[PDB]
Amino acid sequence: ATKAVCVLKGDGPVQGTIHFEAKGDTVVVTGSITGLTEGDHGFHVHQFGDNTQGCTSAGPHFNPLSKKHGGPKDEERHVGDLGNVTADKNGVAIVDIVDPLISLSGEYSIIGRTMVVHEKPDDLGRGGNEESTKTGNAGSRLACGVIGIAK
């Protein structure tokens, strides 16, 4: 698979559609998220594509290599650590990330896993608390969706 799509939804007003496309040895993630409070929101690929208990059953960040929580540009980061998206004043976040770690096939494949958008910004593991090294203190999961194969 070279294209994927995720439809984010939650208990609230956050909603959005993320598109993934494999370009070379990177995956280009695009799309928009709306209903967000202006500012930065933790944006990560969680391990399971299980929406049976809302975004909760998505588990922790996808971390096949058992590293610590980082930001996208770090070497020591979870495969699903894609940092933060930024809602403008209108609550709209435009996603445009290019990641060399997440994949649409193979072991780091995120197909069948969940994209989660958080309440707070991802502190990128530079927070000075244990929590920061586990989730970046991004807090609650506002919206999430299972990543599926797209035409």
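Residue positions are given as counts along the sequence shown, with the first one as 1.
Asker: Looking only at CA atoms, which has the higher mean B factor in the entry: 99-107 or 51-59?
Answerer: The entry gives the higher C-alpha B-factor average to 99-107.
Asker: Taking only the CA atoms, which stretch has the higher mean B-factor in the record, 63-71 or 84-92?
Answerer: Per the PDB record, 84-92.
Asker: Checking the record values for 141, 19, 9, 23, which has the greatest CA B factor?
Answerer: Of the candidates given, the C-alpha B-factor peaks at 23.
Asker: Split into thirds by Cα B-factor across the chain's modelled residues, where does residue 42 land: lowest, middle or highest?
Answerer: CA B-factor rank for residue 42: middle third.
Asker: Can you tell me whether residue 116 has a C-alpha B-factor in the lowest, middle or highest third compared with the other modelled residues of the same chain?
Answerer: For residue 116, the deposited C-alpha B-factor lands in the lowest third.
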